[PDB]
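Below is input_25.csv, which holds CSV, C-alpha atoms.
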chain,number,residue,atom,x,y,z
J,1,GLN,CA,49.1,-122.3,53.7
J,2,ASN,CA,52.8,-123.3,54.2
J,3,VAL,CA,54.3,-120.7,51.9
J,4,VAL,CA,57.9,-120.8,50.6
J,5,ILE,CA,59.7,-118.4,48.3
J,6,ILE,CA,62.5,-120.4,46.7
J,7,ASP,CA,65.7,-118.6,47.6
J,8,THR,CA,67.3,-117.5,44.4
J,9,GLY,CA,68.8,-114.7,46.5
J,10,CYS,CA,67.6,-111.9,44.2
J,11,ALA,CA,66.3,-108.4,44.9
J,12,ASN,CA,62.7,-109.2,44.1
J,13,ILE,CA,62.2,-111.5,47.1
J,14,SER,CA,61.5,-108.8,49.8
J,15,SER,CA,58.8,-107.2,47.7
J,16,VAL,CA,57.2,-110.6,47.0
J,17,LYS,CA,57.4,-111.5,50.6
J,18,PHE,CA,55.9,-108.2,51.6
J,19,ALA,CA,52.9,-108.7,49.3
J,20,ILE,CA,52.3,-112.2,50.7
J,21,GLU,CA,52.6,-111.1,54.3
J,22,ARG,CA,50.2,-108.3,53.7
J,23,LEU,CA,47.6,-110.9,52.8
J,24,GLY,CA,48.1,-112.5,56.2
J,25,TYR,CA,50.4,-115.4,55.3
J,26,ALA,CA,53.7,-116.2,57.0
J,27,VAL,CA,56.5,-116.6,54.5
J,28,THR,CA,59.5,-118.9,54.6
J,29,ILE,CA,62.5,-118.2,52.4
J,30,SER,CA,64.5,-121.4,51.6
J,31,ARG,CA,66.4,-123.5,49.2
J,32,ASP,CA,66.5,-126.5,51.4
J,33,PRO,CA,64.9,-129.5,49.7
J,34,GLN,CA,63.0,-130.7,52.7
J,35,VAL,CA,61.6,-127.2,53.5
J,36,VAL,CA,60.7,-126.6,49.8
J,37,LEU,CA,59.1,-129.9,49.2
J,38,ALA,CA,57.0,-129.5,52.4
J,39,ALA,CA,55.4,-126.3,51.1
J,40,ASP,CA,51.8,-125.9,50.1
J,41,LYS,CA,52.6,-123.0,47.8
J,42,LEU,CA,55.9,-121.9,46.1
J,43,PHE,CA,57.1,-118.7,44.5
J,44,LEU,CA,60.0,-118.5,42.1
J,45,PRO,CA,61.3,-114.9,41.6
J,46,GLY,CA,64.1,-113.7,39.4
J,47,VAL,CA,65.7,-110.6,37.8
J,48,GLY,CA,68.4,-110.0,35.2
J,49,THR,CA,69.1,-112.3,32.3
J,50,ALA,CA,68.2,-115.9,31.9
J,51,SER,CA,71.9,-116.8,31.6
J,52,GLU,CA,72.7,-115.4,35.0
J,53,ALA,CA,69.6,-116.8,36.5
J,54,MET,CA,70.2,-120.3,35.3
J,55,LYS,CA,73.8,-120.0,36.5
J,56,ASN,CA,72.5,-118.9,39.9
J,57,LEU,CA,70.0,-121.8,40.0
J,58,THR,CA,72.8,-124.3,39.2
J,59,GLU,CA,75.2,-122.8,41.8
J,60,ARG,CA,72.5,-122.9,44.5
J,61,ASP,CA,71.7,-126.5,43.7
J,62,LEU,CA,68.1,-125.6,42.7
J,63,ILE,CA,67.8,-127.0,39.2
J,64,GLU,CA,66.8,-130.5,40.1
J,65,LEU,CA,64.8,-129.3,43.1
J,66,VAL,CA,62.5,-127.0,41.1
J,67,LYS,CA,61.9,-129.9,38.7
J,68,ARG,CA,60.8,-132.1,41.7
J,69,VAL,CA,58.2,-129.7,43.1
J,70,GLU,CA,54.7,-131.1,42.9
J,71,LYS,CA,52.7,-128.4,44.7
J,72,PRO,CA,51.6,-125.2,43.0
J,73,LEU,CA,54.5,-122.9,42.1
J,74,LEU,CA,54.2,-119.4,40.8
J,75,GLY,CA,57.1,-118.0,38.7
J,76,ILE,CA,57.2,-114.2,38.4
J,77,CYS,CA,58.6,-112.5,35.3
J,78,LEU,CA,62.0,-114.0,34.9
J,79,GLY,CA,60.9,-116.7,37.2
J,80,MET,CA,58.1,-117.6,34.7
J,81,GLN,CA,60.5,-117.5,31.7
J,82,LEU,CA,62.9,-119.9,33.4
J,83,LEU,CA,60.1,-122.6,33.3
J,84,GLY,CA,60.2,-122.7,29.5
J,85,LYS,CA,62.5,-124.7,27.3
J,86,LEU,CA,64.9,-122.0,26.3
J,87,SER,CA,65.5,-118.3,26.1
J,88,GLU,CA,67.2,-116.0,23.6
J,89,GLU,CA,69.8,-113.4,24.5
J,90,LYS,CA,70.5,-109.9,23.0
J,91,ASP,CA,74.5,-114.1,21.9
J,92,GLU,CA,73.6,-117.7,22.7
J,93,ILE,CA,70.4,-119.7,23.4
J,94,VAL,CA,70.1,-120.3,27.1
J,95,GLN,CA,68.6,-123.7,28.1
J,96,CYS,CA,66.0,-123.2,30.8
J,97,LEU,CA,64.1,-125.6,33.1
J,98,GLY,CA,61.9,-127.1,30.3
J,99,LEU,CA,58.9,-127.5,32.6
J,100,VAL,CA,56.7,-125.6,30.1
J,101,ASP,CA,56.8,-126.5,26.4
J,102,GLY,CA,57.4,-122.9,25.3
J,103,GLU,CA,60.3,-120.7,24.2
J,104,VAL,CA,61.2,-117.2,25.3
J,105,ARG,CA,62.0,-114.8,22.5
J,106,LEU,CA,62.6,-111.1,22.0
J,107,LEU,CA,59.3,-109.2,21.5
J,108,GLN,CA,59.1,-107.7,18.0
J,109,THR,CA,57.3,-104.4,18.8
J,110,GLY,CA,58.1,-102.5,15.6
J,111,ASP,CA,58.1,-98.7,16.4
J,112,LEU,CA,56.8,-99.4,19.9
J,113,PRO,CA,59.3,-98.9,22.7
J,114,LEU,CA,61.1,-101.7,24.4
J,115,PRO,CA,60.8,-103.1,27.0
J,116,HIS,CA,57.1,-103.8,27.2
J,117,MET,CA,57.0,-101.5,30.2
J,118,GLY,CA,54.0,-99.9,32.0
J,119,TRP,CA,50.4,-100.9,32.9
J,120,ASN,CA,48.6,-103.2,30.5
J,121,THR,CA,45.4,-105.4,30.6
J,122,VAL,CA,45.3,-109.1,30.0
J,123,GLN,CA,42.8,-111.4,28.2
J,124,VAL,CA,42.2,-114.4,30.4
J,125,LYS,CA,41.2,-118.0,29.5
J,126,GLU,CA,37.6,-118.5,30.6
J,127,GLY,CA,37.3,-118.8,34.3
J,128,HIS,CA,40.9,-119.6,35.3
J,129,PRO,CA,41.0,-119.4,39.1
J,130,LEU,CA,44.2,-117.4,39.2
J,131,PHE,CA,42.2,-114.4,37.9
J,132,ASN,CA,39.0,-115.0,39.8
J,133,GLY,CA,37.3,-111.7,40.9
J,134,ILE,CA,39.6,-109.6,38.7
J,135,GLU,CA,37.8,-107.6,36.0
J,136,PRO,CA,38.9,-108.0,32.4
J,137,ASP,CA,39.9,-104.3,32.3
J,138,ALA,CA,42.2,-104.5,35.3
J,139,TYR,CA,45.8,-103.4,34.9
J,140,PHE,CA,49.0,-105.2,35.8
J,141,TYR,CA,52.6,-103.8,35.7
J,142,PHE,CA,54.9,-105.2,33.1
J,143,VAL,CA,58.6,-104.7,32.5
J,144,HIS,CA,60.1,-107.2,30.1
J,145,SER,CA,61.7,-107.3,26.6
J,146,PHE,CA,61.5,-111.0,26.1
J,147,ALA,CA,58.3,-113.1,26.1
J,148,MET,CA,56.8,-116.5,25.5
J,149,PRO,CA,54.5,-116.8,22.5
J,150,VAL,CA,50.9,-117.8,22.9
J,151,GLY,CA,50.6,-121.6,23.0
J,152,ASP,CA,48.6,-124.5,24.7
J,153,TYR,CA,50.2,-123.5,28.1
J,154,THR,CA,48.8,-119.9,27.9
J,155,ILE,CA,46.2,-118.9,30.5
J,156,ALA,CA,46.3,-115.2,29.9
J,157,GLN,CA,47.2,-113.3,26.8
J,158,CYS,CA,48.6,-109.7,26.4
J,159,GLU,CA,49.0,-107.7,23.2
J,160,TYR,CA,52.0,-105.3,22.7
J,161,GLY,CA,53.0,-105.1,19.0
J,162,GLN,CA,52.4,-108.9,19.0
J,163,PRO,CA,50.3,-111.2,21.1
J,164,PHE,CA,52.2,-113.1,23.9
J,165,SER,CA,51.7,-115.1,27.1
J,166,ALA,CA,50.9,-112.9,30.1
J,167,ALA,CA,50.4,-116.0,32.2
J,168,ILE,CA,51.0,-119.7,31.7
J,169,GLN,CA,50.4,-123.1,33.4
J,170,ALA,CA,51.7,-126.6,33.0
J,171,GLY,CA,50.4,-128.9,35.7
J,172,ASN,CA,51.4,-127.5,39.0
J,173,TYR,CA,53.7,-124.8,37.5
J,174,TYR,CA,52.2,-121.4,37.0
J,175,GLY,CA,53.8,-118.3,35.6
J,176,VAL,CA,53.1,-114.6,35.2
J,177,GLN,CA,55.0,-112.2,33.0
J,178,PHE,CA,53.9,-109.1,34.9
J,179,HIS,CA,54.8,-108.3,38.5
J,180,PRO,CA,51.8,-108.9,40.7
J,181,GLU,CA,53.7,-107.6,43.8
J,182,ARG,CA,53.9,-104.3,41.9
J,183,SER,CA,50.4,-104.3,40.4
J,184,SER,CA,48.4,-102.8,43.2
J,185,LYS,CA,45.0,-104.3,44.0
J,186,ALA,CA,44.8,-106.5,40.9
J,187,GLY,CA,48.2,-108.0,41.6
J,188,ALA,CA,47.3,-108.5,45.3
J,189,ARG,CA,44.1,-110.4,44.3
J,190,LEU,CA,46.0,-112.6,41.9
J,191,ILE,CA,48.5,-113.5,44.6
J,192,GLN,CA,45.6,-114.2,47.0
J,193,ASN,CA,44.0,-116.4,44.4
J,194,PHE,CA,47.2,-118.4,43.9
J,195,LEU,CA,47.5,-118.9,47.7
J,196,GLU,CA,43.9,-119.9,47.9
J,197,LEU,CA,44.1,-122.6,45.1

As structure tokens - that is how I would like this structure written.
Amino acid sequence: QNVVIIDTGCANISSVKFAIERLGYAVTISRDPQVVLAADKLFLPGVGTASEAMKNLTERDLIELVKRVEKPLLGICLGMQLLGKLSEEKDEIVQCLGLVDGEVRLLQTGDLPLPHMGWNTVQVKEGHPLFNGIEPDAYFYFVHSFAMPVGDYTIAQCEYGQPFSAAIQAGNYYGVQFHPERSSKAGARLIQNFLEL
């Protein structure tokens, strides 16, 4: 596979790259349209707030490019949230890429601590290939206070105070709310599954 991590220039890239290289794949880091559009598989990382991330995407001339991508793309955590229509702040509503018809909102966890942080299981839509060979009771590592509600785009659900989307898909755009690069063997297999689609 020709693998490209879209160069948002954030701190998560090296850990993502490491996880992919450990699986035997060479990784290219680029924001060049030709290089990106030639890839077989794309990763979209991110950290911080949606406002800063959308600002970063704009300044790096990546808004229109991400929208043009036709091959499978995996957004991780904030990378996933950027695919949706909008995101709250905690304040203004931040307009995101709008590639998935979902919104990102603050989790209402009651007396439960924020962020949703730690190791949790997910409940997968029957037979989705992203989770092939991963047991239902496997743990992924989450660290997020905002989330996308369950909707038509949801391919894995998680429950923490309220149900939310642990993973999503819209055509070639995939997203995970947890960090597979920090989720040990379960996360490694999900990354491998994505690369093997």

For residue 138 in chain J, the nearest of the candidates J:107, J:35, J:190, J:117, counting only C-alpha atoms:
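Closest to residue 138 in chain J of all the choices is J:190.
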
Can you pull out every residue within 12 Å of range 152-157 of chain J, counting only C-alpha atoms, but drop anything in the same chain fewer than 5 positions away, and send it as a ChimeraX atom specification?
/J:80,83-84,99-103,120-131,136,140,147,162-178

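Note that the spacing between CA of residue 96 in chain J and CA of residue 82 in chain J amounts to 5.2 Å.
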
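Taking all atoms listed in the file into account, residue 110 in chain J lies nearest to J:160 out of the set J:7, J:160, J:141, J:95.
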
Find the residue from J:132, J:34, J:8, J:2 that sits nearest to residue 56 in chain J; use all atoms listed in the file when measuring.
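Nearest candidate to residue 56 in chain J out of J:132, J:34, J:8, J:2: J:8.
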
So that I can check the surroundings of range 181-184 of chain J, please list as a list in words every protein, DNA and RNA residue that reaches within 9 Å of it, counting only C-alpha atoms and ignoring chain neighbours fewer than 6 positions away.
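Here the qualifying residues turn out to be residues 15, 16, 17, 18, 19, 20, 119, 139, 140, 141, 142 and 191 of chain J.
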
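Between residue 70 in chain J and the candidates J:37, J:50, J:86, J:106, the tightest atom-to-atom separation, counting only C-alpha atoms, involves J:37.
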
Using all atoms listed in the file, can you tell me which of J:180, J:94, J:11, J:1 comes closest to residue 28 in chain J?
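Closest candidate: J:1.
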
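Counting only C-alpha atoms, the residue from J:60, J:105, J:189, J:55 that sits nearest to residue 32 in chain J is J:60.
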
Residues proximal to (54.0, -121.7, 45.8) were defined as those with any atom within 8 Å of that point in the file's coordinates, counting all atoms listed in the file. Which are they, as number ranges by chain?
J: 3-5, 39-44, 71-74, 194-195

Please identify all polymer residues lying at most 6 Å from the point (60.2, -129.9, 46.5) (file coordinates), using all atoms listed in the file, and present the result as a PDB file with C-alpha atoms, in the coordinates of the input.
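Final output, out_7.pdb:
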ATOM      1  CA  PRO J  33      64.900-129.500  49.700  1.00  0.00           C
ATOM      2  CA  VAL J  36      60.700-126.600  49.800  1.00  0.00           C
ATOM      3  CA  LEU J  37      59.100-129.900  49.200  1.00  0.00           C
ATOM      4  CA  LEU J  65      64.800-129.300  43.100  1.00  0.00           C
ATOM      5  CA  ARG J  68      60.800-132.100  41.700  1.00  0.00           C
ATOM      6  CA  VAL J  69      58.200-129.700  43.100  1.00  0.00           C
TER       7      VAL J  69
END

Generate the missing atoms of range 44-57 of chain J up to N, CA and C atoms and report them as a JSON list (two decimals), keeping the file's coordinate frame.
[["chain", "number", "residue", "atom", "x", "y", "z"],
["J", 44, "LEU", "N", 58.69, -118.55, 42.69],
["J", 44, "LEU", "CA", 60.00, -118.50, 42.10],
["J", 44, "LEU", "C", 60.24, -117.16, 41.43],
["J", 45, "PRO", "N", 61.00, -116.29, 42.11],
["J", 45, "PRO", "CA", 61.30, -114.90, 41.60],
["J", 45, "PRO", "C", 62.56, -114.93, 40.78],
["J", 46, "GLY", "N", 62.84, -113.79, 40.16],
["J", 46, "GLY", "CA", 64.10, -113.70, 39.40],
["J", 46, "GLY", "C", 64.18, -112.28, 38.77],
["J", 47, "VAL", "N", 65.42, -111.86, 38.56],
["J", 47, "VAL", "CA", 65.70, -110.60, 37.80],
["J", 47, "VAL", "C", 66.99, -110.76, 37.07],
["J", 48, "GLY", "N", 67.18, -109.91, 36.07],
["J", 48, "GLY", "CA", 68.40, -110.00, 35.20],
["J", 48, "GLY", "C", 68.14, -110.85, 34.03],
["J", 49, "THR", "N", 69.21, -111.47, 33.54],
["J", 49, "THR", "CA", 69.10, -112.30, 32.30],
["J", 49, "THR", "C", 68.94, -113.75, 32.66],
["J", 50, "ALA", "N", 68.44, -114.50, 31.68],
["J", 50, "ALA", "CA", 68.20, -115.90, 31.90],
["J", 50, "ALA", "C", 69.53, -116.66, 32.10],
["J", 51, "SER", "N", 70.58, -116.23, 31.41],
["J", 51, "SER", "CA", 71.90, -116.80, 31.60],
["J", 51, "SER", "C", 72.36, -116.77, 33.03],
["J", 52, "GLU", "N", 72.34, -115.57, 33.60],
["J", 52, "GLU", "CA", 72.70, -115.40, 35.00],
["J", 52, "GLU", "C", 71.83, -116.13, 35.94],
["J", 53, "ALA", "N", 70.53, -116.12, 35.66],
["J", 53, "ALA", "CA", 69.60, -116.80, 36.50],
["J", 53, "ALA", "C", 69.72, -118.30, 36.52],
["J", 54, "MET", "N", 69.98, -118.88, 35.35],
["J", 54, "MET", "CA", 70.20, -120.30, 35.30],
["J", 54, "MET", "C", 71.52, -120.68, 35.95],
["J", 55, "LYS", "N", 72.51, -119.82, 35.78],
["J", 55, "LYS", "CA", 73.80, -120.00, 36.50],
["J", 55, "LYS", "C", 73.60, -119.95, 37.98],
["J", 56, "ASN", "N", 72.77, -119.01, 38.43],
["J", 56, "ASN", "CA", 72.50, -118.90, 39.90],
["J", 56, "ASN", "C", 71.74, -120.10, 40.41],
["J", 57, "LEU", "N", 70.78, -120.61, 39.65],
["J", 57, "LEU", "CA", 70.00, -121.80, 40.00],
["J", 57, "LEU", "C", 70.94, -123.02, 40.17]]
